[PDB]
Amino acid sequence: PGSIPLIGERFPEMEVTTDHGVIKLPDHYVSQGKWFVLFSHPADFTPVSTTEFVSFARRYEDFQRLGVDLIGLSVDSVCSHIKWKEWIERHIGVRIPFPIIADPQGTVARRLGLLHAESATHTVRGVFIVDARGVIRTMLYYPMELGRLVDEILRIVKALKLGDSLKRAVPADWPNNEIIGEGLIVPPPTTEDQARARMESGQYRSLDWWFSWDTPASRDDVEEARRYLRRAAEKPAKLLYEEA
Amino acid sequence: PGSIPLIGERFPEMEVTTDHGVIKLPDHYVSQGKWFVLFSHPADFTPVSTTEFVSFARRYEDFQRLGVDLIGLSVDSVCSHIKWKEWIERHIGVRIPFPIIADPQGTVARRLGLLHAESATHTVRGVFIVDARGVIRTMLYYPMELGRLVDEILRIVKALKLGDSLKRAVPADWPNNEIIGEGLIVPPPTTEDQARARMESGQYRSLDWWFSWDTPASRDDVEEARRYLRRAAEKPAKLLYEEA
Amino acid sequence: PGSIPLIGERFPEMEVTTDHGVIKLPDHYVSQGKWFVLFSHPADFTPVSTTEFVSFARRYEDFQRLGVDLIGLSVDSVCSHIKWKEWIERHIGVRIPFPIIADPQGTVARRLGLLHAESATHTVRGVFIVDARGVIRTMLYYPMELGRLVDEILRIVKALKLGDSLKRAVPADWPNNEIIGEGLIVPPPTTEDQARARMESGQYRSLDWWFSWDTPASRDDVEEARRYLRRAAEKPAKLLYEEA
Amino acid sequence: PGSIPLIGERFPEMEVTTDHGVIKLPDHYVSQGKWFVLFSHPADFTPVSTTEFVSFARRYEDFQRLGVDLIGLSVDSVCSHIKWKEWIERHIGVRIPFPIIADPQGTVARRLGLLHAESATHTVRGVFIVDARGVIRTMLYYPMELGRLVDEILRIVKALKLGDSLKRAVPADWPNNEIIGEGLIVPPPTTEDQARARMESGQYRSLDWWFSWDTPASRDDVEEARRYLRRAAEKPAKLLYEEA
Amino acid sequence: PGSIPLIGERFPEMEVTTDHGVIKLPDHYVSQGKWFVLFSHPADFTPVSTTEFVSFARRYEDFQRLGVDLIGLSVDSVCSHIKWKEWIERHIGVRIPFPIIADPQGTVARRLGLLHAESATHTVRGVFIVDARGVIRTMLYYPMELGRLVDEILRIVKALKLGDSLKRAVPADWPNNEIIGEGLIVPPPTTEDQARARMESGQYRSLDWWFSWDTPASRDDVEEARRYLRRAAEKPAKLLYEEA
Amino acid sequence: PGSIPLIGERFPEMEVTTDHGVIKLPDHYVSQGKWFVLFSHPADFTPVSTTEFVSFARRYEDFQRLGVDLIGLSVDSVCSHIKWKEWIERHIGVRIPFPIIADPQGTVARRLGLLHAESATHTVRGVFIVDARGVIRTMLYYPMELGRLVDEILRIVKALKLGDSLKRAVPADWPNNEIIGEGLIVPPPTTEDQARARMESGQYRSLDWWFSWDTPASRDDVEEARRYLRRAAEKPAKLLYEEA
Amino acid sequence: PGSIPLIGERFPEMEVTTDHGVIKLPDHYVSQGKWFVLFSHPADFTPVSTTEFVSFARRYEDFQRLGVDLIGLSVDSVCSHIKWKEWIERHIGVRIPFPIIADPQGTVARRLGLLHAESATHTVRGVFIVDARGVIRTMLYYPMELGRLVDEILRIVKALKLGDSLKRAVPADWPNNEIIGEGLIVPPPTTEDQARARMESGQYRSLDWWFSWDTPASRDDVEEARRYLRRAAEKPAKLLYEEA
Ligand SMILES: CC(=O)c1ccc2ccccc2c1
Ligand SMILES: CC(=O)c1ccc2ccccc2c1
Ligand SMILES: CC(=O)c1ccc2ccccc2c1
Ligand SMILES: CC(=O)c1ccc2ccccc2c1
Ligand SMILES: CC(=O)c1ccc2ccccc2c1
Ligand SMILES: CC(=O)c1ccc2ccccc2c1
Ligand SMILES: CC(=O)c1ccc2ccccc2c1
């Protein structure tokens, strides 16, 4: 069994050695007003890991649009990271522009609970989504044998940033929720007086005093988020292996 | 500042009280050859949680077709669970056919690391995907303010089952991987002799001795996986709040 | 076994979440010059608990006359508390006006020793009677299977406030004591000189130097206390189940 | 700062010295197939305590008829116990037929949590109701300044024996509950399947699937319990101090 | 076994509850320049203990002339103490004028090692002779079955007070020592130089350098002490049980 | 500070070295059906200690009549014991016939609590009265400055053996008790049934059910006990310092 | 085993009770510029111990001439010490002029490791040779059965004082060493340079760079030490038992 930092906590204060140099987490991103997604992979020159790095690199523009930086993590050293990045550029034609943490003694990995029973020595496929205040907002642990759906990582940061700016909770499968579609949920009342006040308001569509929603998201916000999902659902036009 | 069970561990032995009665995890499901998705929600009669239960309930037959059972969890008691289910059936027209664990002293929540800094008293939106051997395969921690993408939970269980069956690793964004499309990855060589023998046998398409793949997934398996992501990407024709 | 606060101790300082808001105990009631009865029930949408909530609600005016506020407690959450109150108002015609604490991790339950061996997860039927100084004056532990006699809780607070205001101890079964009727007892001498001064004085009816009494309670005080017990002994005029 | 034994626990094994001899609790009463009420008082030759011993002795036949015995407890020694009983018989005309525990080192007091903050040295007015299996069923803690309502101890024991024999829970204020009067509650369903089958049985009057009741108590058992509360409510015809 | 305070130690600082009120030991006596005898008995309304209280009461003036107060101790409460004193004055015609400590939790009993193996719950017949500086000078432990010789307690305090004021040690059986009669012992030399100087002074009757004595006690001092032993030896003219 | 063994406990098993040889306590005396008085003195060739050794020696026949052996104790060695015994025989004309324990490391002294605050290195004037079963019956602690009353030690053993043989308790100042003279007390009733049975038989003189006595002692028992006290009270015929 | 103070350590600070009064070691002797020989014996009025005391007493002037005081030690008390000195003066005709420590709880014994397996209760024949700075210079432990050679104790202090004043080491059997006779050894070089600088000087007789000596002791110094050994070797002309 293992130990983790938690949703709602500040990302633990640490210096990390990356292939772009030493950076301090979370302060390096906080000071820039930037969210970051820190993710891990078992080892360099591994095939599922390579496909994830290519997926992330291809979506890099979508992340920069949301004010989100990316940072990778494996127990491999900076030299392996750089040779691996060179290999991907040369054989796949995709430059990886974001840093990768070298975690040789698994100092960062043990702090983030990235070592699971599947490997004593290599991190699983962890994801920490950290907001511009350096707070952990979402944590995912995918295994060695299964690649992530990177479009879901985009949907999560887009939905979270929306939730924060409009003061709303996001329904299941947004923006295609099967009850309220692209509707966003008003935080429910926490007192009986508040409940009564809302159900006399008439200000929101309601199924009950605890279930109110409106549609305050721009058409652009809704279609941006839906575009992530359509990309994930779409059979690719040209497979990159053909031209490699 | 919390501790979780880990991918590759057995789901911890525990007797739990559900609105369907008392069961032993993971035995109850192992003895049936079933996988199970244990997920949690903060409290009954909450709006994001309600949208997630309807979402799971609409996908119930998809889960059942894969041999996956569902079981929810909150700190609310069985009588609340049943009253909440009655409300959903009555007001939304959707029956919740799967059990919900009652965890009032947070005994299960603490074992599974479901209590994060966002609330000392209520569980975040955890997901534990457990195979028919009772082994944790994947763990997701979504926060109070953000509903899950239930189609990604279907893609995860479908891809892991395919990977176990076909002895393959699954590329990022499968079945729409940008490098190899619906291709599955051969576990890479672990020795130099194996590396040489792989590259000499010419038995698979390859970018290097560590990156080989084939297309062994049935057309039905691929299309079922694409169907989950197409549903995720499409706005439903009619929203359930309209006939509510 | 387990642990409890004790008669004569200050109610433990604690912030609690109720369906009326967050309040500090006992400060919230001290600061209003009010006694409070804190009571617990196992779970929302339980029948004995429902009968007790209705009994307390019917007696709300009687507690208000004594400057006593009511606060309930169960491990269920506030949304369950509010839905349960709405069910009682709709189906029995009785509005519950007093707050209910939500104690999902049993934090308040353990502090007040409300978790007995009958249930690891749900509180028994505890009663804490607390005066306007925040001092615990009386504690009752009724089990899952037995509802409380709420008229005895009225008699307890009425007789305690009478004792406080007249400097008197209250005999068994007051105001219908089989020795002295509605009489109240003078605190006995604690020294041989006090015992002699008392037997020389002739100020009180006495059976001995340690058993003196008088009748300093108003007929209003006596008859109000007797009314509580006559209501407990009275077959009700119309059963609330009929009116539904 | 105190530690109590708990409802549902076996009364703790102990040898006690009484003014009737040495006995083992709860074995002495279990062996006779008896329930017992253990109750405490601060000291011999105290006036509220005397009024309570007289109340219990007056009700002794009522306890005996229920298969219930009484045992007292203070920190005073056996010779003081016998002198006090003699004083009560001589001066009030009432024989105390049941034993009193002598607990001079507070060993029994500390085991049962009978030392509260009102007195470091002297027991409050504790009540332990123990069944014929030796299991604690109810616990009451009255203070120094307030006598018990002994008719409520009779109602507690009668209602418990009825609930145990009829497999029913007992409503608030039974047998005068304002919702169902002298009706007794069917323990609610613990599963959705039990809840459907119960609603579909039409076997019982119901307000909901979790609130069902019938009237299986004999007229005699109901009238026995109403008798206790009528005695509590009525001013005695003559007071024992008058003929003293 | 068990522990005790020791000769030469200060009587331990403690607040005690007596039938005359609350007092601090040893300060209450120290502040008056009075010695005290603290003594204990197992329980009120015991026959040997009654004989000893009557013996002490008969000797009260004799103690008073030495500037020695008396204070008793049992584990019974002050109300038992006062009832017992009343019984002695009524039935034996003797008033007990000195306080008795009430020690119901054995707090004082455990501090002074008065709980011996004869009873786990009741003090043996302890005696603590404490001077006006609050220092324990002598300790006696009589058992349950054997009354004290109170005249020996007077001889101890008289002999100690003479030893103190005349700077002398007191021989065996003083004032009727078989070797030197009413003589008192010069404390022996502690050096060879002191030993030679004592023997070269011829100031004292001596049997050796270590055994010197004189007769510095007044005739009044010696006769007071002979009177205590005379009274112990002579049968009383009139037994008190005659006119019961 | 300070620990001791206790009345009612077996004298602690120990081998001691005496000026008569090595002996096991208490087995050496138990084996012969003898009681023993163990007493201590600070040091050999001390004046008060010398007077007490002569007092005990003069009373040796009186101890032997009762079946009681004497054994002394100090921290001085065997050779010093024998040289001190010789000095007493030579200078006072009195043989000391009983053994003295040598306790140079304070092994026996620490076990019996004979090291009080008056001296860290020398034993106070302890007295342990041990019966033929090896049970400690009475313990006295006299200080450095005050010699014992040896006649009181005879009266204690006599009165104890009499209590044991006649199944009686011994009143204060026996056999010159101011209430009942040479009467011995019947151990009081411990139950109400025994108290009633006693007060009915009229078998004894009674002041109450707890205070019964008779006069079962032989005139020899009474007069031998009084003779010890008359000896304590009598001015000696000729002082032993005279013939020296 | 056991535990000692060591050569080169300061003698442990302690206040000891002697037959000359209380003194502080080593301060009492350091403050006078005097060495001291502390020596132990098992018990007073033992024959080997007596012979050793007479041997020291005969050599008292030889010790004084060196500025060496003597002090004995047994577990016996000061009164025994003084009586034993009286016996020696009267029966042997020898005065013991030096103090003896009284150590009845073995406090000093345990500190100086004087309690060996030969006796748990009495010291062996310890010798502590302490210089005028309070430093332990030599330690001898003779057993119960073997008296010391007191002339070797004189030889040790004389040779140490010569070594100290002349900056020399003392050869085996000095002043009759078989290699260098009354020669004293120059402390050897501790470095290569010093070794060379020694052999380059003709300053001293040498067998090697590490074995240099001269004859710096005065004839009187040598003759003093020879006289101690000549006394050791010679049978005394008159044995003290004869004129005793
Ligand atoms: C090439 C490389 O990754 C690397 C990184 C850190 C090192 C630290 C110490 C020594 C060699 C290293 C090589
Ligand atoms: C109705 C309900 O949720 C429930 C669940 C568990 C319980 C355990 C003990 C007592 C009452 C309970 C009620
Ligand atoms: C609706 C409800 O009972 C409730 C109360 C408190 C909560 C705190 C955090 C998250 C959800 C909550 C739901
Ligand atoms: C009758 C009474 O109070 C009593 C009971 C037991 C005892 C045991 C030992 C000594 C005295 C006792 C007195
Ligand atoms: C008079 C008496 O024994 C007494 C002493 C202390 C008490 C403390 C609390 C309650 C009653 C008490 C009675
Ligand atoms: C003479 C004396 O007191 C004595 C007694 C016993 C001993 C045992 C061991 C060593 C010395 C002893 C001296
Ligand atoms: C006479 C003697 O050696 C001696 C030594 C020390 C003492 C300490 C306390 C009491 C008496 C003592 C006698």
Side-chain angles (χ1 to χ4, degrees), chain B residues 14-19 21-23 44 73-82 100-111 121, chain C residues 1-4 38-53 72-77 80-81 84 100-128 139-148, chain D residues 3-11 128-131 133 135-139 156 159-160 163-164 167-172 185-191 194 210:
Chain B
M14 60 180 65
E15 238 194 21
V16 301
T17 299
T18 81
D19 43 24
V22 177
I23 67 162
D44 296 1
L73 174 314
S74 74
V75 297
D76 274 318
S77 71
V78 161
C79 294
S80 283
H81 290 353
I82 299 182
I100 316 177
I101 299 156
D103 192 37
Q105 294 293 320
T107 294
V108 183
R110 252 175 282 106
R111 192 70 194 77
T121 49
Chain C
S3 319
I4 56 158
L38 188 157
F39 77 100
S40 75
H41 74 278
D44 298 356
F45 295 106
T46 52
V48 177
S49 304
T50 296
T51 65
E52 285 175 317
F53 268 76
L73 179 311
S74 84
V75 294
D76 284 334
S77 291
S80 176
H81 286 355
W84 182 43
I100 309 177
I101 297 165
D103 187 42
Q105 300 296 137
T107 297
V108 184
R110 277 178 262 110
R111 194 63 161 89
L112 302 184
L114 293 169
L115 292 168
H116 293 218
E118 260 188 325
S119 176
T121 51
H122 300 268
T123 67
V124 298
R125 295 181 200 282
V127 188
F128 284 73
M139 302 170 272
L140 316 170
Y141 296 99
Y142 281 71
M144 299 312 194
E145 63 272 21
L146 211 219
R148 292 159 276 202
Chain D
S3 160
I4 53 158
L6 300 170
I7 300 171
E9 286 176 357
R10 277 201 98 258
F11 186 94
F128 286 75
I129 301 171
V130 185
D131 68 10
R133 303 141 48 241
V135 173
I136 301 172
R137 302 295 301 273
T138 295
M139 300 172 261
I156 289 160
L160 256 15
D164 283 352
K167 297 149 189 151
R168 293 280 181 283
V170 186
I185 289 161
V186 188
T190 61
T191 73
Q194 285 169 13
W210 54 269

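Just so we're on the same page: letters track the sequence lines, and every chain starts at 1. Heavy atoms only: backbone and side chains are in, while hydrogens, waters and symmetry mates are out.
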K.L.:
By side-chain hydrogen bond (donor to acceptor under 3.5 Å, both in side chains), which residues pair with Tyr142(C), not counting sequence neighbours?
P.N.:
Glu152(D)
K.L.:
Please examine the side chains of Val170(D) and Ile185(D), heavy atoms only from C-beta on, and report whether any two atoms are closer than 4.5 Å.
P.N.:
no
K.L.:
Mark yes or no for whether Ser3(C), through its side chain, and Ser3(D), through its backbone, hold a donor-acceptor pair below 3.5 Å.
P.N.:
no
K.L.:
Partners of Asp19(B) by salt bridge (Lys or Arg N to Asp or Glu O under 4.0 Å), sequence neighbours excluded?
P.N.:
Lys85(B)
K.L.:
Restricting to non-hydrogen atoms, name the atom on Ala159(D) and the atom on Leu146(C) that form the minimum distance, rounded to 0.1 Å.
P.N.:
CB-CD2, 3.7 Å
K.L.:
For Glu9(D), what residues pass the side-chain hydrogen bond (donor to acceptor under 3.5 Å, both in side chains) criterion, not counting sequence neighbours?
P.N.:
none
K.L.:
Could you pull out the closest heavy-atom pair between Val124(C) and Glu118(C), with the gap in Å?
P.N.:
CG1-OE1, 4.1 Å
K.L.:
Kindly write out the residues that satisfy side-chain hydrogen bond (donor to acceptor under 3.5 Å, both in side chains) with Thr18(B), not counting sequence neighbours, or none if the list is empty.
P.N.:
none
K.L.:
I need the minimum non-hydrogen distance between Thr191(D) and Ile82(B), along with the two atoms involved.
P.N.:
C-CD1, 3.9 Å
K.L.:
Kindly write out the residues that satisfy salt bridge (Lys or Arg N to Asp or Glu O under 4.0 Å) with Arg125(C), not counting sequence neighbours, or none if the list is empty.
P.N.:
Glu52(C)
K.L.:
Residues in side-chain contact (heavy atoms from CB on, under 4.5 Å) with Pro188(D), at least two apart?
P.N.:
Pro47(C), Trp210(D)
K.L.:
Quick one: are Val16(B) and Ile23(B) in side-chain contact, heavy atoms under 4.5 Å?
P.N.:
yes
K.L.:
What pairs with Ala43(C) under side-chain contact (heavy atoms from CB on, under 4.5 Å), at least two apart in sequence or on another chain?
P.N.:
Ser77(B), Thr46(C), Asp76(C), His122(C)
K.L.:
Between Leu73(B) and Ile100(B), is there a side-chain heavy-atom distance shorter than 4.5 Å?
P.N.:
no
K.L.:
Return all side-chain donor-acceptor pairs below 3.5 angstrom for residues 104-116 of chain C, not counting sequence neighbours, or 'none' if the list is empty.
P.N.:
from, atom 1, to, atom 2, distance (Å)
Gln105(C), NE2, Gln105(B), O, 3.4
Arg110(C), NH2, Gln105(C), O, 2.5
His116(C), ND1, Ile7(D), N, 3.1
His116(C), NE2, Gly113(C), O, 2.7

K.L.:
For residues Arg148(C) and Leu140(C), determine if any side-chain heavy atom of one lies less than 4.5 Å from a side-chain heavy atom of the other.
P.N.:
no
K.L.:
Any side-chain heavy atom of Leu38(C) within less than 4.5 Å of one from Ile101(C)?
P.N.:
yes
K.L.:
So do the side chains of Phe45(C) and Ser80(C) get within less than 4.5 Å of each other, counting heavy atoms only?
P.N.:
yes
K.L.:
Search all heavy atoms of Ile136(D) against all heavy atoms of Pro5(D) and return the closest pair with its distance.
P.N.:
CD1-CB, 3.7 Å
K.L.:
Do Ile4(D) and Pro1(C) make a side-chain contact, defined as non-hydrogen atoms from C-beta onward lying under 4.5 Å apart?
P.N.:
no
K.L.:
What's the separation between atom CG in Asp103(C) and atom OG1 in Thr121(B), rounded to the nearest 0.5 Å?
P.N.:
9.5 Å
K.L.:
Just to verify, what does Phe53(C) make a ring-ring contact (aromatic ring centres under 6.0 Å, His included) with, not counting sequence neighbours?
P.N.:
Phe39(C), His41(C), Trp84(C), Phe98(C)
K.L.:
Kindly write out the residues that satisfy side-chain hydrogen bond (donor to acceptor under 3.5 Å, both in side chains) with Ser74(C), not counting sequence neighbours, or none if the list is empty.
P.N.:
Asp44(C)
K.L.:
Between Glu15(B) and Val22(B), what is the shortest heavy-atom contact and its length?
P.N.:
CD-CG1, 3.8 Å
K.L.:
Please list, chain by chain and in numerical order, all residues satisfying salt bridge (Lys or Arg N to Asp or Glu O under 4.0 Å) with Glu145(C), sequence neighbours excluded.
P.N.:
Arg137(D)
K.L.:
Sub-3.5 Å donor-acceptor pair from the side chain of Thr51(C) to the main-chain atoms of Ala172(D), do we have one?
P.N.:
yes
